[PDB]
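Chemist: Before I ask anything, here is the structure I am working with.
There are 2 protein chains.
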Amino acid sequence: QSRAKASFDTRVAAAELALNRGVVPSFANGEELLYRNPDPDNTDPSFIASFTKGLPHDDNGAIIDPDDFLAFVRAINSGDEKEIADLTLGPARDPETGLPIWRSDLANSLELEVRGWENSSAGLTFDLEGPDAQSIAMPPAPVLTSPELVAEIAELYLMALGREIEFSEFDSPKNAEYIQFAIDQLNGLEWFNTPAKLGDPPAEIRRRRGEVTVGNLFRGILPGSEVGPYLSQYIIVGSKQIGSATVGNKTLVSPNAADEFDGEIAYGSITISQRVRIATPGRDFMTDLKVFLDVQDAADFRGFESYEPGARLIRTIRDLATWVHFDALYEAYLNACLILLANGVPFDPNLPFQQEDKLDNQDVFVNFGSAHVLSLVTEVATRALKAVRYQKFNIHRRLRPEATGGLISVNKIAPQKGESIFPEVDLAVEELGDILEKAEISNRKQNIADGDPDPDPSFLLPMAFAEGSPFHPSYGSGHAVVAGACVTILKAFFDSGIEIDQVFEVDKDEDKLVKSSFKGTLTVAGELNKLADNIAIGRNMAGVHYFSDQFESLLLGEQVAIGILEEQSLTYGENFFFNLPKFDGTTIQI
Amino acid sequence: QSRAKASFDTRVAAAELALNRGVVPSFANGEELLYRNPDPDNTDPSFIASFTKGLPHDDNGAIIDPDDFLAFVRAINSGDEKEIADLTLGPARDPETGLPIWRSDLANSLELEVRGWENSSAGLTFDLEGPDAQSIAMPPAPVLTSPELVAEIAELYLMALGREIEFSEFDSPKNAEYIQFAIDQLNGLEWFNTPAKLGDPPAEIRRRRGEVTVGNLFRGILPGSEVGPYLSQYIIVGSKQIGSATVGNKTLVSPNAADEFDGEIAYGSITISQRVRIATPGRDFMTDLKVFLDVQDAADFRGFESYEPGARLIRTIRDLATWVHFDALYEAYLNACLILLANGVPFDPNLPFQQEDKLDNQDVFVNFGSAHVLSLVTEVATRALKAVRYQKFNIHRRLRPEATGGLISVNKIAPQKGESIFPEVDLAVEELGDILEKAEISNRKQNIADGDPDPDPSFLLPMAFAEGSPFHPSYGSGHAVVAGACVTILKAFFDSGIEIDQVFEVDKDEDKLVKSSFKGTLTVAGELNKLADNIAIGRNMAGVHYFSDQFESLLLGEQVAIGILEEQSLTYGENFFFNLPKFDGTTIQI
Ligand SMILES: [Ca+2]
Ligand SMILES: [Ca+2]
């Protein structure tokens with residue numbers, strides 16, 4: 009037939025393949041309407057567990073008008089520009105200046121404007137390649153009263169309290185007090201110490217972490233993530249630099265070969281420096297109730313974080329949080345791909361033309377080569393983002409961990425003033441005694457630093473970012489869905505089973521890479537999974553995500569990437585398949 | 009209907025949009041069969057103008073067996089892995105060692121193996137988004153006997169002789185001798201001093217450059233590349249670093265704000281250094297006939313280039329050649345997009361949700377925001393690559409400029425030995441006597457440096473890369489098709505009419521960015537077109553592409569990008585369009 013007709017038929021076949029995968033129904037946890045207004049004469053839902061950031065809130069962190077949230081949900085489901093614009097975003101405005109009236113003096117003195125919701129209807133956006141955003145479902149998010157949410161808040165608060173703690177020094181004596189405190193606190197939670205029960209949903213079983221040790225503290229459950237150093241090699245190490253190539257028998261060494269261990273990626277003929285901008289140590293955000301409420305009322309605090317001069321390789325938890333703050337969508341993965349290409353990590357052996365050219369007579373650049381994997385790793389990201397945007401806005405609308413911390417703080421402060429509010433987080437508040445006391449001490453220190461000589465006690469989750477979380481619900485995670493999708497693309501495309509000869513850790517004292525003491529072997533697949541969950545738990549480290557968000561959106565991203573790979577496999581006449589090890593330990597051939 | 013049905017219908021509508029765009033026929037120049045074997049007894053095609061790299065060649069640069077090239081074309085058109093593997097790639101191999109017998113002692117001493125054709129059948133690959141690779145055609149390439157090809161190889165040789173000349177010193181007295189030589193030599197050519205005649209095909213009229221001046225020497229003809237400094241801002245300057253944001257009334261300044269003028273793009277929380285690896289100045293490649301013939305016989309010389317320690321902003325022509333040597337597919341454009349996002353260059357105002365959030369109540373990250381444009385600019389690249397691979401291998405199969413220079417060198421050496429071969433390039437040889445003798449002098453210096461005390465005279469085109477061109481025909485250009493596609497994506501997505509306040513140039517003396525002496529204004533569209541031209545002409549500066557290849561593949565890439573934008577616009581229910589200025593000066597709304 010005609011080439012144009014063949015192309016149309018291939019595209020229609022890809023669309024049909026997407027259609028026949030079927031739509032997995034997306035069930036939420038029912039938190040949206042199950043929590044009601046505590047006022048006896050008000051039977052309206054409180055929407056405390058729902059993402060209500062941007063909607064006006066009362067002094068306790070709940071929305072004054074549930075109709076605002078209902079209009080927000082209607083705008084999410086419709087996607088119309090006008091209906092979104094008709095939403096009430098932020099607090100009441102000044103009649104004269106037109107500026108929103110902020111509770112915190114900081115947001116008022118800055119004359120902060122409101123910030124809109126980030127792509128509330130991107131989940132309604134179709135995609136021409138890969139699964140539809142609404143065809144793949146995440147499991148219901150943990151409920152506020154569940155031990156899973158309590159453990160997620162505990163781990164979030166422990167990371168927030170341990171932001172200035174180096175990854176290479178998790179087992180170091182200097183951090184031992186905090187690390188043992190966090191391990192004991194997590195192991196004192198039903199979610200971690202008690203295993204999953206029979207009859208629980210399979211996803212809840214899969215994402216339930218066991219006993220928390222220093223080896224797996226703040227680590228993901230992806231294979232190869234608890235094994236080796238914390239940070240993936242591709243997030244801290246550079247790559248074989250330009251000029252370090254094997255030409256026939258002689259092996260030319262690049263004059264800049266030290267840049268590989270200096271965290272410099274061979275980005276074409278220029279370099280990507282793996283060193284991250286140093287956010288100011290010990291400077292948490294959204295630790296004061298007024299500032300937190302303003303941020304919940306859409307106070308545009310973006311870019312208000314201060315940074316130290318220069319850049320350094322990710323050493324502290326705050327460094328990883330800063331890294332995931334600004335990463336350009338697929339940046340972690342794109343950098344991982346660039347390292348793998350520059351390091352000469354072989355593509356998947358089942359890809360065509362991967363043999364020596366004396367055998368196949370074919371280099372691979374456009375198809376099954378560097379350009380192919382770069383394009384796939386950077387194009388899976390937006391499809392995964394659309395899927396996760398659907399999950400965030402249209403299905404779950406889960407409140408961000410800062411909002412959960414606000415509920416916890418208000419609930420804990422209520423007995424001080426003699427009242428009681430948010431019994432839905434009572435189990436979390438009682439379970440996390442010492443965690444919340446340490447968080448209160450750190451928050452009081454931060455609020456004194458902010459300029460309050462005698463701040464009210466605050467148990468808010470310390471935020472690594474001034475704006476806190478982005479303006480989207482926490483379930484799922486855009487960063488972790490892109491992590492899952494892009495790392496799946498890389499593991500399928502590259503020889504993911506290739507062992508990594510040199511395992512590096514960031515030095516304990518100096519901003520440099522040192523040969524890690526890890527005596528085991530790290531695979532490319534394991535280190536890519538480690539990179540994916542490094543991004544995911546960096547989002548957790550910022551206080552913007554719970555662990556279940558990260559794991560389930562990593563699974564969603566893997567589904568996105570697998571679907572995209574199946575649809576692209578119809579476009580190649582070459583006899584080949586991608587050898588993709590999934591996050592559950594199995595391998596799918598695409 | 010259902011969401012799955014709506015998604016399938018949207019994808020089918022995009023496929024129908026691709027199909028209904030039609031397939032413009034791809035015509036070649038007929039050079040494949042119009043040049044015949046000079047032997048009276050042999051009436052087979054010589055294939056001298058055809059891309060014959062990797063097939064065995066005689067001592068004069070032509071293939072020994074035209075059946076080898078015919079099998080190569082059959083393998084290109086079929087795409088079968090086994091049929092490509094059956095192609096005779098490289099010269100005869102050693103029976104005892106299995107290694108090919110290289111003519112040059114350099115390739116034999118290196119024990120060089122063969123390099124295969126880089127995706128000789130990637131043009132048969134279909135695509136799920138945008139035009140099919142074969143649905144869009146480039147015009148026929150200039151013939152070896154055309155004045156256009158003479159001017160092309162002339163500017164190629166002038167770039168090769170001018171590889172050590174700084175872009176900021178084109179109008180400087182220290183380079184004035186060579187610059188005036190190049191200007192007078194180009195203006196002495198029919199292609200430049202004579203305008204296009206009536207009746208010429210419109211593509212040749214459009215791509216015919218006028219009088220060569222210092223202000224447009226080695227420059228493209230896209231709108232915005234001939235005005236201002238030579239290098240685009242997006243290839244030399246950095247971007248607003250992390251921490252240099254405006255939060256309400258106050259304007260926080262990044263402590264690393266000097267990195268913006270130090271060529272450090274804010275790549276999320278880490279930095280992309282715009283400093284290119286410094287290839288050894290003066291070291292050209294394939295200046296000796298034996299090494300050149302080995303490279304034509306697929307000598308795997310990749311990575312054999314030497315580099316100076318460190319990195320620097322692109323100053324010399326060789327720096328741009330080195331930059332386009334290894335650039336990761338969409339790297340120039342991805343970096344341009346990162347600069348535009350970090351600099352806060354607004355997206356297209358016709359995109360939705362671009363107003364202040366007090367008006368639209370919507371941020372843009374996944375759709376119509378940073379993630380959207382990054383994904384688009386990286387996904388258009390592989391589709392443009394497939395289209396250009398079709399153009400290269402299945403349609404045009406045009407010989408690389410190194411092959412043209414080899415024909416020229418053999419034709420010029422033939423009268424020295426009493427013979428006469430390649431009369432097809434006689435017009436080029438006679439029109440370029442001054443340039444060819446300058447190139448012979450430079451080639452003699454290079455060959456003495458290579459280790460030949462008294463090398464034979466050589467008029468080979470000096471190559472910036474040790475392997476010379478990639479294993480692909482020159483018409484079209486993957487780099488320039490990706491430039492066209494990605495710059496089109498960026499100009500559509502970003503407000504391309506926005507004028508850049510700060511115009512920088514690489515300092516004449518120090519490796520740094522001084523304020524350019526350009527008193528006019530530069531726009532984002534103009535600078536992106538300049539970036540595309542920088543990439544395309546940098547491929548020319550390597551000696552791997554002709555100018556017409558670059559320009560027509562830039563047009564092909566613009567077509568690819570417009571197609572992809574038109575397809576992807578059906579995935580959005582938002583009322584919007586991309587305001588895309590084209591390379592022809594018109595604007596299309598998508
Ligand atoms: Ca191969
Ligand atoms: Ca907006």
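Each protein sequence line maps, in turn, to chains A and B.
PDB author numbering numbers the first residue of the first sequence as 9 and each following residue consecutively.
PDB author numbering numbers the first residue of the second sequence as 9 and each following residue consecutively.
Yeah, the Cβ is synthetic: ideal placement off N, Cα and C, and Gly gets one too.
#1: Please state the DSSP three-state secondary structure of residue 307 of chain A.
#2: Tell me whether the beta-carbon of residue 119 of chain B lies closer than 8 Å to the beta-carbon of residue 256 of chain A.
#3: Tell me which residues share the same chain as residue 403 of chain B and place their Cβ nearer than 6 Å to its Cβ, disregarding the 5 neighbours each side in the sequence.
#4: Using 8 Å as the limit for Cβ to Cβ distance, is residue 406 of chain A near chain B?
#5: Beta carbon of residue 600 of chain A, beta carbon of residue 333 of chain A: below 8 Å?
#6: Between which two residues does the beta strand (DSSP E) containing residue 501 of chain A stretch?
#7: Answer yes or no: does any C-beta atom of chain B fall closer than 8 Å to that of residue 367 of chain A?
#8: Would you verify that the beta carbon of residue 397 of chain A is, or is not, closer than 8 Å to some beta carbon of chain B?
#9: With 16 as the cutoff for other CB atoms within 10 Å, does residue 13 of chain A come out buried or exposed?
#10: For ligand 2, is there any heavy atom lying closer than 7 Å to the beta carbon of residue 4 of chain A?
#11: For residue 245 of chain A, is the classification buried or exposed, using 16 other Cβ atoms within 10 angstroms of its Cβ as the cut-off for buried?
#12: Residue 520 of chain B by DSSP, collapsed to three states: which one?
#13: Once DSSP output is grouped into helix, strand and coil, what is the label at residue 334 of chain B?
#14: Specify the secondary structure class of residue 386 of chain B as computed by DSSP and reduced to three states.
#15: Of the residues that make up the region 85–105 of chain A, which ones have a beta carbon closer than 7 Å to any beta carbon in chain B?
#16: Rounded to a whole number of angstroms, what is the C-alpha to C-alpha distance between residue 385 of chain A and residue 523 of chain B?
#17: Residues in its own chain within less than 6 Å of residue 141 of chain B by CB, not counting five upstream and five downstream?
#18: CB residue 251 of chain B to CB residue 314 of chain A, shorter than 8 Å?
#19: Thinking C-alpha only, which one of A:327, A:212 and A:129 is nearest residue 370 of chain B?
#20: In this structure, how does DSSP classify residue 554 of chain B when only helix, strand and coil are distinguished?
#21: Would you mind working out which of A:485, A:285, A:356 and A:273 sits nearest residue 317 of chain A, comparing C-alpha positions?
#22: Taking buried to mean at least 16 other C-beta atoms within 10 Å of its own C-beta, is residue 594 of chain A buried or exposed?
#23: Which residues mark the beginning and the end of the beta strand (DSSP E) in which residue 142 of chain A is found?
#24: Shorter than 8 Å from the beta carbon of residue 5 of chain A to some beta carbon of chain B?
#25: Hey, is residue 584 of chain B close to ligand 1, as in C-beta under 7 Å from one of its heavy atoms?
#26: Would you be able to state if there are at least three C-beta pairs under 8 Å between the region 286–297 of chain A and the region 157–177 of chain A?
#27: By how many angstroms is the C-alpha of residue 482 of chain A removed from the C-alpha of residue 101 of chain A?
#28: Do you know how far the Cα of residue 193 of chain A is from the Cα of residue 365 of chain A?
#29: I need the boundaries of the alpha helix (DSSP H) containing residue 211 of chain B, first residue and last residue.
#30: Checking 8 Å against the spacing of the C-beta atoms, do residue 572 of chain B and residue 299 of chain B come in under that value?
#31: So what does DSSP say about residue 58 of chain B, is it helix, strand or coil?
#32: Using 8 Å for Cβ pairs, my map puts residue 110 of chain B next to residue 307 of chain B. What's the rounded Cβ distance?
#33: Taking only three categories from DSSP, how would you classify residue 126 of chain A?
#34: Distance, Cα to Cα, residue 26 of chain B vs residue 106 of chain A?
#35: Count the other CB atoms, across all protein chains shown, that sit within 10 Å of the CB of residue 229 of chain B; report buried if there are 16 or more and exposed otherwise.
#36: Counting only C-beta atoms, is residue 548 of chain B closer than 8 Å to chain A at any point?
Modeler: Straight from the coordinates:
#1: Taking the first sequence and counting its residues from 1, the one referred to as residue 307 of chain A is at position 299. Strand.
#2: Indexing the second sequence from 1 puts residue 119 of chain B at position 111. Indexing the first sequence from 1 puts residue 256 of chain A at position 248. Result yes, Cβ atoms of residue 119 of chain B and residue 256 of chain A sit closer than 8 Å.
#3: Position 395 of the second sequence, counting from 1, holds the residue named residue 403 of chain B. Once the five neighbours on either side are set aside, the close Cβ partners of residue 403 of chain B are 34 and 36.
#4: To locate residue 406 of chain A, count along the first sequence from 1; it is residue 398. For residue 406 of chain A, the answer is no, since every Cβ of chain B falls outside 8 Å of its Cβ.
#5: Nothing about residue 600 of chain A can be reported from this structure: the residues present for chain A run from 9 to 598 only.
#6: Position 493 of the first sequence, counting from 1, holds the residue named residue 501 of chain A. Segment 486–501 is the alpha helix (DSSP H) holding residue 501 of chain A; no beta strand (DSSP E) there.
#7: For this step, residue 367 of chain A is matched to residue 359 along the first sequence. By this cut-off, residue 367 of chain A is an interface position.
#8: If you number the first sequence from 1, residue 397 of chain A lands on position 389. Yes, residue 397 of chain A counts as interfacial toward chain B.
#9: If you number the first sequence from 1, residue 13 of chain A lands on position 5. Classification for residue 13 of chain A: exposed.
#10: Given that chain A is displayed from residue 9 to residue 598, the structure contains no residue 4 of chain A and the question cannot be resolved.
#11: Numbered from 1 along the first sequence, position 237 holds the residue referred to as residue 245 of chain A. So residue 245 of chain A ends up on the buried side.
#12: On the second sequence, residue 520 of chain B is found 512 positions in, with the first residue counted as 1. Of the three classes helix, strand and coil, the one that applies to residue 520 of chain B here is coil, per DSSP.
#13: Translated into the one-based positions of the second sequence, residue 334 of chain B becomes position 326. Residue state, collapsed to three classes: helix.
#14: Here residue 386 of chain B refers to the residue found at position 378 of the second sequence. DSSP places residue 386 of chain B in helix when its eight states are reduced to three.
#15: 87, 89, 92, 93, 95 and 97
#16: Counted from its first residue, the first sequence places residue 385 of chain A at position 377. Counted from its first residue, the second sequence places residue 523 of chain B at position 515. Distance between the alpha carbons of residue 385 of chain A and residue 523 of chain B: 37 Å.
#17: Mapped onto the second sequence, residue 141 of chain B falls at position 133. Excluding sequence neighbours, residue 141 of chain B sits near 131, 394, 395 and 398.
#18: Counting from 1 along the second sequence, the entry for residue 251 of chain B is found at position 243. Counting from 1 along the first sequence, the entry for residue 314 of chain A is found at position 306. For residue 251 of chain B and residue 314 of chain A, yes; Cβs fall inside 8 Å.
#19: Here residue 370 of chain B corresponds to residue number 362 of the second sequence, with the count starting at 1. The shortest Cα separation from residue 370 of chain B among A:327, A:212 and A:129 belongs to A:129.
#20: Residue mapping note: residue 554 of chain B aligns to position 546 of the second sequence, counting from 1. Coil at residue 554 of chain B, not helix or strand.
#21: Here residue 317 of chain A refers to the residue found at position 309 of the first sequence. For the residues A:485, A:285, A:356 and A:273, the minimum Cα distance to residue 317 of chain A belongs to A:285.
#22: What you label residue 594 of chain A is simply residue 586 of the first sequence in a count that begins at 1. So residue 594 of chain A counts as exposed.
#23: Residue numbering aside, residue 142 of chain A sits at position 134 when the first sequence is read from its first letter. That residue, residue 142 of chain A, is in no beta strand (DSSP E); it is neither H nor E in DSSP.
#24: One cannot answer for residue 5 of chain A here, as it falls past the ends of chain A, which runs 9 to 598.
#25: In the second sequence, counting from the first residue as 1, residue 584 of chain B sits at position 576. Incorrect: residue 584 of chain B has no Cβ contact closer than 7 Å to ligand 1.
#26: yes
#27: One-based indexing of the first sequence puts residue 101 of chain A at position 93. One-based indexing of the first sequence puts residue 482 of chain A at position 474. Their Cα atoms are separated by approximately 27 Å.
#28: Looking up residue 365 of chain A in the first sequence gives position 357. Looking up residue 193 of chain A in the first sequence gives position 185. Using only the alpha carbons, I get a separation of about 57 Å.
#29: Residue 211 of chain B sits at position 203 when you count from the first residue of the second sequence. Its alpha helix (DSSP H) spans residues 210–215.
#30: By 1-based counting over the second sequence, the position of residue 572 of chain B is 564. By 1-based counting over the second sequence, the position of residue 299 of chain B is 291. Cβ atoms of residue 572 of chain B and residue 299 of chain B: not closer than 8 Å.
#31: If you number the second sequence from 1, residue 58 of chain B lands on position 50. Correct three-state label for residue 58 of chain B: strand.
#32: Here residue 110 of chain B refers to the residue found at position 102 of the second sequence. Here residue 307 of chain B refers to the residue found at position 299 of the second sequence. Indeed, because the Cβ distance is near 6 Å, the residues count as touching under 8 Å.
#33: Here residue 126 of chain A is taken as the residue at index 118 of the first sequence, counted from 1. In this structure, residue 126 of chain A counts as strand in the three-state DSSP scheme.
#34: For the purposes of this step, residue 26 of chain B is taken as residue 18 along the second sequence, with counting starting at 1. For the purposes of this step, residue 106 of chain A is taken as residue 98 along the first sequence, with counting starting at 1. Straight-line Cα distance between these residues: approximately 48 Å.
#35: In the second sequence, the residue the question calls residue 229 of chain B occupies position 221. Result: buried.
#36: Start at 1 with the first residue of the second sequence, and residue 548 of chain B comes out as number 540. Answer no: the Cβ-Cβ gap between residue 548 of chain B and chain A never drops below 8 Å.
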